[PDB]
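Peer 1: Take this structure, written in structure tokens, and hold onto it; I'll ask about it next.
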Protein chains: 2
Amino acid sequence: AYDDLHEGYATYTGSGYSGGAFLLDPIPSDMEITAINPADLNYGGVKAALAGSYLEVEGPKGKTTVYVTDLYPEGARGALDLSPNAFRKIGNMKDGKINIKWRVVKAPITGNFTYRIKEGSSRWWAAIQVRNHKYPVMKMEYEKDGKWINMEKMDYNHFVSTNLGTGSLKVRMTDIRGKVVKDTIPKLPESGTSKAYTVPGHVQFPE
Amino acid sequence: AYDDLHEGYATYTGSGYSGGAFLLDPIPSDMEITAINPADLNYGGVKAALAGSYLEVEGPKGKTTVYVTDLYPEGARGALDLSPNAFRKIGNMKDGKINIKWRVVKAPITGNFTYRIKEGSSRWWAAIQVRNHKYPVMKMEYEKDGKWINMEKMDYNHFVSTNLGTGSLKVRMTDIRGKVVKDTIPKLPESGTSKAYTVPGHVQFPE
Ligand SMILES: OC[C@H]1O[C@@H](O[C@H]2[C@H](O)[C@@H](O)[C@H](O[C@@H]3[C@@H](O)[C@H](O[C@H]4[C@H](O)[C@@H](O)[C@H](O[C@H]5[C@H](O)[C@@H](O)[C@H](O[C@H]6[C@H](O)[C@@H](O)[C@H](O[C@@H]7[C@@H](O)[C@H](O[C@H]8[C@H](O)[C@@H](O)[C@H](O)O[C@@H]8CO)O[C@H](CO)[C@H]7O)O[C@@H]6CO)O[C@@H]5CO)O[C@@H]4CO)O[C@H](CO)[C@H]3O)O[C@@H]2CO)[C@H](O)[C@@H](O)[C@@H]1O
């Protein structure tokens, strides 16, 4: 059915503010964040499906919302590793591990997607990340010669393809609800950029 | 390689000195070279098997030896597209096409292999080309955790693999006669190299 909660346990950690597997840096220190177990992270057989999602997390002392910035490698199904500023709002940190119920919620954000084009990217091979997205990005495609080509999502929260073609890149993104939106990204470099770079986008998933 | 024989036709072209498919630049402008039909290029099911090979070619007026630098995309079985300085030695330039016989021969070179590490190569993905080899290179393997891993030869005359591991790279090369030599290459970088570079090798195929 429509919007189920997930039972699990929360622990806490100070990692994930920097060097998180989803390459979402910089994370401001006042942000409530979490790492997420692999089974839940990879919903639908899509690697990093929940990367950059937001979760409402309910514990014994209340509820709070966290930004998913990292993998919780040894986490069981249902398990989250929150930042302590988030954890304290829903449980006593003396307890170390707490019972929780969580679910994906609409991101508390404004504006459009922002894209990050990974170092190494070119017309030959590219890795494109979506940031500032209101719901998990389950799918990304690009058009080439009138056909839409699926992009595999990677563990490091970018969508990848090869031989994408020349000129501007028409892309389309699908969320966890199945809503599809469409955008354009400027032509990829002749050859691999030494640095990742940012492209502010011009669409957002519907409310 | 010791013995071999092909019958076909040759034409001639000015291409292949620069920007040839096999990424063998720079080629001296007065070197004797040829482009080669796809069927014979991809001998034994190896893409670009004969890239960087040397052929002895016989026409009506004599024989000469040529360096294979490019693909002859439209050539039929046995067909070659020679540089005009090579065509001149074995045929009448006033003909647009000639009967030829040819065979893979020992490279008229001295010294050991040279490797070219393609731009963007790293421990995660690498494309390695062998240069200055006496016979066609049919196979390249590298060692990883005590096991030998085969690298796919690409159309662009490099061998490719992924997750090659850290540290210096033990490789082994097999020619078209089935001769095998082994060597070591310096470690690959942690991120895609910004520029292609060459590295001196320390072995050569036997005479
Ligand atoms: O999280 C906790 C967990 O951690 C675990 O460890 C993790 C660790 O935490 C992670 O950091 C790490 O994950 C990531 C890692 O996987 C990642 O790997 C990437 C890397 O970043 C990239 O840089 C690299 O990029 C290369 C591509 O892979 C490669 O495929 C691409 O290929 C291109 C070439 O670039 C291009 O030059 C080439 O050549 C062209 C030809 O295409 C062309 O052909 C055409 C002809 O011209 C034309 O005539 C004909 O008609 O058409 C032809 C086309 O069909 O020819 C021209 C010349 O003519 C050539 O120039 O073409 C290729 C096209 O595909 O190049 C890329 C260059 O960058 O990719 C790799 C992946 O492969 O790195 C990141 C770093 O941030 C890392 O995060 O993983 C580890 C391990 O899991 C722990 O294990 C665990 O314990 C913890 O719990």
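Chain lettering (A, B, ...) mirrors the order of the structure tokens, residue numbering begins at 1 for each chain separately, and ligand numbering begins at 1 in order of display.
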Write out as a VMD selection string which residues come within 6 Å of range 40-53 of chain B when counting only C-alpha atoms, dropping same-chain ones fewer than 6 positions away.
Peer 2: chain B and resid 68 to 69 136 138 153 to 155 157
Peer 1: Considering only C-alpha atoms, give me a table of residues in range 121-149 of chain A that are at most 10 Å from range 90-107 of chain A, with the closest atom pair and distance in Å for each, as CSV.
Peer 2:
residue,atom,partner,partner_atom,distance
A:132,CA,A:107,CA,8.2
A:133,CA,A:107,CA,7.0
A:134,CA,A:107,CA,4.4
A:135,CA,A:106,CA,5.6
A:136,CA,A:104,CA,8.2
Peer 1: My list of candidates is B:2, B:54, B:72, B:148. Which is closest to ligand 1 when distances are computed with only C-alpha atoms and all ligand atoms?
Peer 2: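 For ligand 1, the nearest of the candidates is B:72.
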Peer 1: Please list as a PyMOL selection string every residue within 10 Å of residue 194 in chain A, counting only C-alpha atoms and excluding residues in the same chain fewer than 3 positions away.
Peer 2: (chain A and resi 118-121+191+197) or (chain B and resi 120+191-195)
Peer 1: Restricting it to C-alpha atoms, dump the selection as a JSON list (two decimals), in the first residue's frame.
Peer 2:
[["chain", "number", "residue", "atom", "x", "y", "z"],
["A", 118, "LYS", "CA", 32.14, 13.20, -11.92],
["A", 119, "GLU", "CA", 35.81, 13.62, -12.74],
["A", 120, "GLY", "CA", 36.71, 11.39, -15.68],
["A", 121, "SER", "CA", 33.40, 12.14, -17.39],
["A", 191, "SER", "CA", 37.81, 14.23, -22.59],
["A", 197, "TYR", "CA", 31.74, 19.94, -11.66],
["B", 120, "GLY", "CA", 41.88, 8.30, -17.30],
["B", 191, "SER", "CA", 42.19, 8.47, -9.70],
["B", 192, "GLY", "CA", 42.09, 8.69, -13.50],
["B", 193, "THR", "CA", 45.34, 10.11, -14.86],
["B", 194, "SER", "CA", 44.93, 13.50, -16.51],
["B", 195, "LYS", "CA", 47.26, 12.61, -19.40]]
Peer 1: Taking only C-alpha atoms and all ligand atoms into account, report as a list in words which residues have an atom no farther than 6 Å from an atom of ligand 1.
Peer 2: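 Every residue with an atom at most 6 Å from ligand 1 is listed here: residues 21, 71, 73, 120, 124, 125, 156, 162 and 163 of chain A; 21, 120, 124, 125, 156, 162, 191 and 192 of chain B.
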Peer 1: Kindly export the residues of the current selection with N, CA and C atoms, as a CSV table (one decimal), in the first residue's frame.
Peer 2:
chain,number,residue,atom,x,y,z
A,21,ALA,N,29.8,7.6,1.4
A,21,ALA,CA,29.9,6.8,0.2
A,21,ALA,C,29.1,7.5,-0.9
A,71,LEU,N,26.5,4.8,3.5
A,71,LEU,CA,26.2,3.4,3.7
A,71,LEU,C,26.6,3.0,5.1
A,73,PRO,N,27.5,-0.3,6.3
A,73,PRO,CA,28.0,-1.6,5.8
A,73,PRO,C,27.5,-2.8,6.5
A,120,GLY,N,36.6,12.5,-14.8
A,120,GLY,CA,36.7,11.4,-15.7
A,120,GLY,C,35.6,11.4,-16.7
A,124,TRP,N,32.4,9.7,-23.8
A,124,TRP,CA,32.8,8.2,-23.9
A,124,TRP,C,32.3,7.5,-22.7
A,125,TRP,N,32.4,8.1,-21.5
A,125,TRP,CA,31.9,7.5,-20.2
A,125,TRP,C,31.6,8.7,-19.3
A,156,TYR,N,28.2,4.6,-5.5
A,156,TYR,CA,28.6,6.0,-5.2
A,156,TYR,C,27.6,7.1,-5.6
A,162,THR,N,27.9,4.9,-21.2
A,162,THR,CA,29.0,5.1,-22.1
A,162,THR,C,28.5,5.5,-23.4
A,163,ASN,N,29.4,6.2,-24.2
A,163,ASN,CA,29.0,6.6,-25.6
A,163,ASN,C,27.7,7.3,-25.6
B,21,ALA,N,43.1,4.7,-36.0
B,21,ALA,CA,42.3,4.1,-35.0
B,21,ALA,C,43.1,3.4,-33.9
B,120,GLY,N,43.0,8.7,-18.1
B,120,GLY,CA,41.9,8.3,-17.3
B,120,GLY,C,42.1,6.9,-16.7
B,124,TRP,N,41.0,1.6,-10.9
B,124,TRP,CA,39.6,1.2,-11.0
B,124,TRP,C,39.3,0.8,-12.5
B,125,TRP,N,40.0,1.5,-13.4
B,125,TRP,CA,39.8,1.2,-14.8
B,125,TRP,C,41.1,1.6,-15.6
B,156,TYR,N,40.6,0.2,-30.1
B,156,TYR,CA,41.6,1.3,-30.1
B,156,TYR,C,43.0,0.8,-29.7
B,162,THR,N,39.4,-3.7,-15.1
B,162,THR,CA,38.9,-2.9,-14.0
B,162,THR,C,39.3,-3.4,-12.7
B,191,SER,N,43.2,7.9,-8.9
B,191,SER,CA,42.2,8.5,-9.7
B,191,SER,C,42.7,8.6,-11.1
B,192,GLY,N,41.8,8.6,-12.1
B,192,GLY,CA,42.1,8.7,-13.5
B,192,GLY,C,43.2,9.7,-13.8
Peer 1: Give me, as a PDB file with N, CA and C atoms, in the first residue's frame, the residues of range 74-179 of chain A that a backbone DSSP run labels strand (DSSP E).
Peer 2:
ATOM      1  N   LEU A  80      19.503   1.967  11.019  1.00  0.00           N
ATOM      2  CA  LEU A  80      20.052   3.269  10.673  1.00  0.00           C
ATOM      3  C   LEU A  80      21.173   3.648  11.656  1.00  0.00           C
ATOM      4  N   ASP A  81      22.189   4.354  11.161  1.00  0.00           N
ATOM      5  CA  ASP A  81      23.248   4.899  12.010  1.00  0.00           C
ATOM      6  C   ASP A  81      23.164   6.421  11.913  1.00  0.00           C
ATOM      7  N   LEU A  82      22.465   7.039  12.865  1.00  0.00           N
ATOM      8  CA  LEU A  82      22.195   8.485  12.841  1.00  0.00           C
ATOM      9  C   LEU A  82      23.345   9.302  13.364  1.00  0.00           C
ATOM     10  N   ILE A  98      18.444   1.893  19.863  1.00  0.00           N
ATOM     11  CA  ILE A  98      17.006   2.101  20.112  1.00  0.00           C
ATOM     12  C   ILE A  98      16.078   1.491  19.048  1.00  0.00           C
ATOM     13  N   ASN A  99      14.881   1.102  19.467  1.00  0.00           N
ATOM     14  CA  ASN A  99      13.848   0.694  18.526  1.00  0.00           C
ATOM     15  C   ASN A  99      13.309   1.898  17.748  1.00  0.00           C
ATOM     16  N   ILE A 100      13.223   1.762  16.430  1.00  0.00           N
ATOM     17  CA  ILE A 100      12.697   2.832  15.594  1.00  0.00           C
ATOM     18  C   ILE A 100      11.725   2.339  14.535  1.00  0.00           C
ATOM     19  N   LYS A 101      10.928   3.276  14.031  1.00  0.00           N
ATOM     20  CA  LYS A 101      10.162   3.111  12.809  1.00  0.00           C
ATOM     21  C   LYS A 101      10.510   4.288  11.903  1.00  0.00           C
ATOM     22  N   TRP A 102      10.835   4.005  10.647  1.00  0.00           N
ATOM     23  CA  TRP A 102      11.209   5.068   9.726  1.00  0.00           C
ATOM     24  C   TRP A 102      10.550   4.912   8.372  1.00  0.00           C
ATOM     25  N   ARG A 103      10.541   6.000   7.609  1.00  0.00           N
ATOM     26  CA  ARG A 103      10.078   5.976   6.233  1.00  0.00           C
ATOM     27  C   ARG A 103      10.649   7.153   5.448  1.00  0.00           C
ATOM     28  N   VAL A 104      10.747   6.963   4.143  1.00  0.00           N
ATOM     29  CA  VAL A 104      11.127   8.024   3.243  1.00  0.00           C
ATOM     30  C   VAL A 104      10.035   9.089   3.279  1.00  0.00           C
ATOM     31  N   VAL A 105      10.443  10.355   3.337  1.00  0.00           N
ATOM     32  CA  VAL A 105       9.526  11.488   3.267  1.00  0.00           C
ATOM     33  C   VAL A 105      10.016  12.486   2.224  1.00  0.00           C
ATOM     34  N   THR A 114      20.312  19.705  -8.585  1.00  0.00           N
ATOM     35  CA  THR A 114      21.629  20.154  -8.999  1.00  0.00           C
ATOM     36  C   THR A 114      22.349  18.891  -9.448  1.00  0.00           C
ATOM     37  N   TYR A 115      23.031  18.946 -10.588  1.00  0.00           N
ATOM     38  CA  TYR A 115      23.758  17.766 -11.051  1.00  0.00           C
ATOM     39  C   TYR A 115      25.241  17.906 -10.764  1.00  0.00           C
ATOM     40  N   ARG A 116      25.885  16.778 -10.465  1.00  0.00           N
ATOM     41  CA  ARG A 116      27.328  16.730 -10.345  1.00  0.00           C
ATOM     42  C   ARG A 116      27.877  15.740 -11.363  1.00  0.00           C
ATOM     43  N   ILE A 117      28.794  16.222 -12.187  1.00  0.00           N
ATOM     44  CA  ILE A 117      29.370  15.417 -13.247  1.00  0.00           C
ATOM     45  C   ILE A 117      30.753  15.011 -12.778  1.00  0.00           C
ATOM     46  N   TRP A 125      32.386   8.078 -21.486  1.00  0.00           N
ATOM     47  CA  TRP A 125      31.907   7.507 -20.238  1.00  0.00           C
ATOM     48  C   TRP A 125      31.621   8.686 -19.342  1.00  0.00           C
ATOM     49  N   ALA A 126      30.487   8.660 -18.649  1.00  0.00           N
ATOM     50  CA  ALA A 126      30.157   9.719 -17.700  1.00  0.00           C
ATOM     51  C   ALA A 126      29.443   9.170 -16.465  1.00  0.00           C
ATOM     52  N   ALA A 127      29.601   9.863 -15.343  1.00  0.00           N
ATOM     53  CA  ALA A 127      28.909   9.504 -14.114  1.00  0.00           C
ATOM     54  C   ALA A 127      28.237  10.767 -13.634  1.00  0.00           C
ATOM     55  N   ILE A 128      26.909  10.732 -13.542  1.00  0.00           N
ATOM     56  CA  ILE A 128      26.133  11.926 -13.223  1.00  0.00           C
ATOM     57  C   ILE A 128      25.313  11.713 -11.976  1.00  0.00           C
ATOM     58  N   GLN A 129      25.525  12.567 -10.983  1.00  0.00           N
ATOM     59  CA  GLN A 129      24.795  12.488  -9.722  1.00  0.00           C
ATOM     60  C   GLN A 129      23.694  13.536  -9.691  1.00  0.00           C
ATOM     61  N   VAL A 130      22.571  13.197  -9.073  1.00  0.00           N
ATOM     62  CA  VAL A 130      21.507  14.153  -8.814  1.00  0.00           C
ATOM     63  C   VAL A 130      21.507  14.529  -7.333  1.00  0.00           C
ATOM     64  N   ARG A 131      21.575  15.827  -7.051  1.00  0.00           N
ATOM     65  CA  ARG A 131      21.435  16.342  -5.691  1.00  0.00           C
ATOM     66  C   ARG A 131      20.203  17.209  -5.580  1.00  0.00           C
ATOM     67  N   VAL A 137      15.859   9.076  -6.213  1.00  0.00           N
ATOM     68  CA  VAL A 137      15.900   8.998  -7.658  1.00  0.00           C
ATOM     69  C   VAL A 137      16.148   7.562  -8.055  1.00  0.00           C
ATOM     70  N   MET A 138      15.094   6.884  -8.507  1.00  0.00           N
ATOM     71  CA  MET A 138      15.158   5.463  -8.816  1.00  0.00           C
ATOM     72  C   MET A 138      15.701   5.208 -10.202  1.00  0.00           C
ATOM     73  N   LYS A 139      15.624   6.209 -11.073  1.00  0.00           N
ATOM     74  CA  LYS A 139      15.977   5.977 -12.470  1.00  0.00           C
ATOM     75  C   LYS A 139      16.449   7.249 -13.133  1.00  0.00           C
ATOM     76  N   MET A 140      17.419   7.100 -14.023  1.00  0.00           N
ATOM     77  CA  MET A 140      17.866   8.204 -14.854  1.00  0.00           C
ATOM     78  C   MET A 140      18.166   7.689 -16.262  1.00  0.00           C
ATOM     79  N   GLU A 141      17.706   8.420 -17.273  1.00  0.00           N
ATOM     80  CA  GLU A 141      17.925   8.048 -18.667  1.00  0.00           C
ATOM     81  C   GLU A 141      18.418   9.254 -19.453  1.00  0.00           C
ATOM     82  N   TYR A 142      19.083   9.000 -20.569  1.00  0.00           N
ATOM     83  CA  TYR A 142      19.411  10.073 -21.503  1.00  0.00           C
ATOM     84  C   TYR A 142      18.965   9.693 -22.905  1.00  0.00           C
ATOM     85  N   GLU A 143      18.774  10.688 -23.756  1.00  0.00           N
ATOM     86  CA  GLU A 143      18.322  10.402 -25.099  1.00  0.00           C
ATOM     87  C   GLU A 143      19.499  10.429 -26.043  1.00  0.00           C
ATOM     88  N   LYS A 144      19.480   9.526 -27.019  1.00  0.00           N
ATOM     89  CA  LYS A 144      20.489   9.518 -28.061  1.00  0.00           C
ATOM     90  C   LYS A 144      19.864   8.970 -29.327  1.00  0.00           C
ATOM     91  N   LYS A 147      16.327   7.749 -29.018  1.00  0.00           N
ATOM     92  CA  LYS A 147      16.038   6.655 -28.098  1.00  0.00           C
ATOM     93  C   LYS A 147      16.530   6.955 -26.692  1.00  0.00           C
ATOM     94  N   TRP A 148      15.757   6.519 -25.707  1.00  0.00           N
ATOM     95  CA  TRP A 148      16.095   6.767 -24.321  1.00  0.00           C
ATOM     96  C   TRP A 148      16.892   5.612 -23.742  1.00  0.00           C
ATOM     97  N   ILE A 149      18.056   5.931 -23.189  1.00  0.00           N
ATOM     98  CA  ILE A 149      18.990   4.916 -22.726  1.00  0.00           C
ATOM     99  C   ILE A 149      19.100   4.951 -21.211  1.00  0.00           C
ATOM    100  N   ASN A 150      18.874   3.804 -20.578  1.00  0.00           N
ATOM    101  CA  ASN A 150      18.925   3.722 -19.122  1.00  0.00           C
ATOM    102  C   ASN A 150      20.347   3.847 -18.574  1.00  0.00           C
ATOM    103  N   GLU A 152      22.791   3.036 -15.352  1.00  0.00           N
ATOM    104  CA  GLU A 152      22.907   2.236 -14.146  1.00  0.00           C
ATOM    105  C   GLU A 152      23.287   3.132 -12.986  1.00  0.00           C
ATOM    106  N   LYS A 153      22.556   3.050 -11.880  1.00  0.00           N
ATOM    107  CA  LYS A 153      22.969   3.748 -10.672  1.00  0.00           C
ATOM    108  C   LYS A 153      24.070   2.976  -9.937  1.00  0.00           C
ATOM    109  N   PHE A 159      24.750   8.102 -11.707  1.00  0.00           N
ATOM    110  CA  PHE A 159      24.226   7.262 -12.788  1.00  0.00           C
ATOM    111  C   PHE A 159      25.262   7.226 -13.905  1.00  0.00           C
ATOM    112  N   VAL A 160      25.524   6.046 -14.456  1.00  0.00           N
ATOM    113  CA  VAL A 160      26.632   5.877 -15.382  1.00  0.00           C
ATOM    114  C   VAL A 160      26.196   5.318 -16.737  1.00  0.00           C
ATOM    115  N   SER A 161      26.846   5.787 -17.798  1.00  0.00           N
ATOM    116  CA  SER A 161      26.688   5.197 -19.116  1.00  0.00           C
ATOM    117  C   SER A 161      27.947   5.404 -19.948  1.00  0.00           C
ATOM    118  N   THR A 162      27.909   4.906 -21.176  1.00  0.00           N
ATOM    119  CA  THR A 162      29.016   5.053 -22.099  1.00  0.00           C
ATOM    120  C   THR A 162      28.492   5.517 -23.449  1.00  0.00           C
ATOM    121  N   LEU A 169      22.799  17.141 -23.448  1.00  0.00           N
ATOM    122  CA  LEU A 169      22.283  15.851 -23.052  1.00  0.00           C
ATOM    123  C   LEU A 169      20.879  15.970 -22.468  1.00  0.00           C
ATOM    124  N   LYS A 170      19.886  15.466 -23.188  1.00  0.00           N
ATOM    125  CA  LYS A 170      18.538  15.440 -22.637  1.00  0.00           C
ATOM    126  C   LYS A 170      18.431  14.261 -21.681  1.00  0.00           C
ATOM    127  N   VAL A 171      18.057  14.549 -20.442  1.00  0.00           N
ATOM    128  CA  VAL A 171      17.924  13.514 -19.427  1.00  0.00           C
ATOM    129  C   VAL A 171      16.519  13.482 -18.835  1.00  0.00           C
ATOM    130  N   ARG A 172      16.169  12.356 -18.234  1.00  0.00           N
ATOM    131  CA  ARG A 172      14.909  12.260 -17.519  1.00  0.00           C
ATOM    132  C   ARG A 172      15.063  11.348 -16.306  1.00  0.00           C
ATOM    133  N   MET A 173      14.447  11.763 -15.209  1.00  0.00           N
ATOM    134  CA  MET A 173      14.674  11.150 -13.912  1.00  0.00           C
ATOM    135  C   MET A 173      13.339  10.659 -13.388  1.00  0.00           C
ATOM    136  N   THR A 174      13.330   9.522 -12.702  1.00  0.00           N
ATOM    137  CA  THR A 174      12.086   8.985 -12.172  1.00  0.00           C
ATOM    138  C   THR A 174      12.251   8.797 -10.677  1.00  0.00           C
ATOM    139  N   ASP A 175      11.223   9.128  -9.896  1.00  0.00           N
ATOM    140  CA  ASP A 175      11.350   9.021  -8.443  1.00  0.00           C
ATOM    141  C   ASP A 175      10.750   7.738  -7.888  1.00  0.00           C
TER     142      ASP A 175
END
Peer 1: Just asking: which residues within range 16-191 of chain B are helix (DSSP H, G or I) according to DSSP, as JSON, numbers by chain?
Peer 2: {"B": [38, 39, 40, 41, 43, 44, 45, 84, 85, 86, 87, 88, 89, 90]}
Peer 1: Go ahead and save the residues from that selection, with N, CA and C atoms, as an mmCIF file, in the first residue's frame.
Peer 2:
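What follows is the written file result_11.cif:
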data_model
loop_
_atom_site.group_PDB
_atom_site.id
_atom_site.type_symbol
_atom_site.label_atom_id
_atom_site.label_comp_id
_atom_site.auth_asym_id
_atom_site.auth_seq_id
_atom_site.Cartn_x
_atom_site.Cartn_y
_atom_site.Cartn_z
ATOM 1 N N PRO B 38 38.932 -5.122 -41.610
ATOM 2 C CA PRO B 38 38.500 -5.556 -40.270
ATOM 3 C C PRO B 38 38.622 -7.061 -40.009
ATOM 4 N N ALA B 39 38.258 -7.885 -40.981
ATOM 5 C CA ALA B 39 38.304 -9.332 -40.781
ATOM 6 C C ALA B 39 39.702 -9.798 -40.381
ATOM 7 N N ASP B 40 40.722 -9.343 -41.102
ATOM 8 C CA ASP B 40 42.108 -9.707 -40.776
ATOM 9 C C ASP B 40 42.672 -8.970 -39.558
ATOM 10 N N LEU B 41 42.210 -7.745 -39.325
ATOM 11 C CA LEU B 41 42.600 -7.016 -38.114
ATOM 12 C C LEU B 41 42.264 -7.790 -36.846
ATOM 13 N N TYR B 43 41.870 -10.863 -36.171
ATOM 14 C CA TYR B 43 42.270 -12.262 -36.232
ATOM 15 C C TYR B 43 42.034 -12.994 -34.910
ATOM 16 N N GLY B 44 41.586 -14.243 -34.997
ATOM 17 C CA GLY B 44 41.344 -15.065 -33.820
ATOM 18 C C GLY B 44 40.337 -14.500 -32.827
ATOM 19 N N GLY B 45 39.476 -13.602 -33.291
ATOM 20 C CA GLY B 45 38.470 -13.012 -32.429
ATOM 21 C C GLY B 45 39.011 -11.956 -31.474
ATOM 22 N N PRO B 84 51.270 5.851 -49.853
ATOM 23 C CA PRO B 84 51.715 5.886 -51.257
ATOM 24 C C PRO B 84 53.197 5.572 -51.445
ATOM 25 N N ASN B 85 54.036 5.855 -50.451
ATOM 26 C CA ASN B 85 55.457 5.512 -50.562
ATOM 27 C C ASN B 85 55.675 3.998 -50.550
ATOM 28 N N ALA B 86 54.788 3.264 -49.883
ATOM 29 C CA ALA B 86 54.867 1.808 -49.893
ATOM 30 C C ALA B 86 54.268 1.228 -51.175
ATOM 31 N N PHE B 87 53.137 1.785 -51.602
ATOM 32 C CA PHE B 87 52.453 1.323 -52.813
ATOM 33 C C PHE B 87 53.388 1.485 -54.000
ATOM 34 N N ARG B 88 54.127 2.587 -53.994
ATOM 35 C CA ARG B 88 55.061 2.927 -55.066
ATOM 36 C C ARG B 88 56.093 1.824 -55.307
ATOM 37 N N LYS B 89 56.547 1.198 -54.229
ATOM 38 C CA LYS B 89 57.580 0.184 -54.336
ATOM 39 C C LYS B 89 57.073 -1.129 -54.923
ATOM 40 N N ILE B 90 55.768 -1.380 -54.868
ATOM 41 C CA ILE B 90 55.277 -2.697 -55.278
ATOM 42 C C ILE B 90 54.256 -2.635 -56.399
#
Peer 1: What is the distance between CA of residue 11 in chain A and CA of residue 109 in chain A, in Å to one decimal?
Peer 2: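 Taking CA of residue 11 in chain A and CA of residue 109 in chain A, their separation equals 25.6 Å.
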Peer 1: Mind checking which residues fall within 7 Å of residue 18 in chain A, counting only C-alpha atoms, ignoring those fewer than 5 positions away in the same chain, and posting them as an NGL selection string?
Peer 2: :A and (25-27)
Peer 1: Output N, CA and C atoms for every residue in that selection, as an mmCIF file, in the first residue's frame.
Peer 2:
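File selection-v5.cif, as written:
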data_model
loop_
_atom_site.group_PDB
_atom_site.id
_atom_site.type_symbol
_atom_site.label_atom_id
_atom_site.label_comp_id
_atom_site.auth_asym_id
_atom_site.auth_seq_id
_atom_site.Cartn_x
_atom_site.Cartn_y
_atom_site.Cartn_z
ATOM 1 N N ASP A 25 29.071 15.492 -0.130
ATOM 2 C CA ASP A 25 29.759 16.577 0.572
ATOM 3 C C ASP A 25 29.654 17.889 -0.196
ATOM 4 N N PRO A 26 29.689 19.029 0.519
ATOM 5 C CA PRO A 26 29.851 19.193 1.968
ATOM 6 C C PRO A 26 28.543 19.015 2.753
ATOM 7 N N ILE A 27 28.631 18.335 3.889
ATOM 8 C CA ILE A 27 27.496 18.252 4.799
ATOM 9 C C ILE A 27 27.699 19.187 5.980
#
Peer 1: Using CA of residue 65 in chain B and CA of residue 203 in chain B as the two end points, give the distance in Å to one decimal.
Peer 2: 23.6 Å
Peer 1: Could you check how far CA of residue 186 in chain B sits from CA of residue 168 in chain B, in Å to one decimal?
Peer 2: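 Between CA of residue 186 in chain B and CA of residue 168 in chain B the gap is 4.7 Å.
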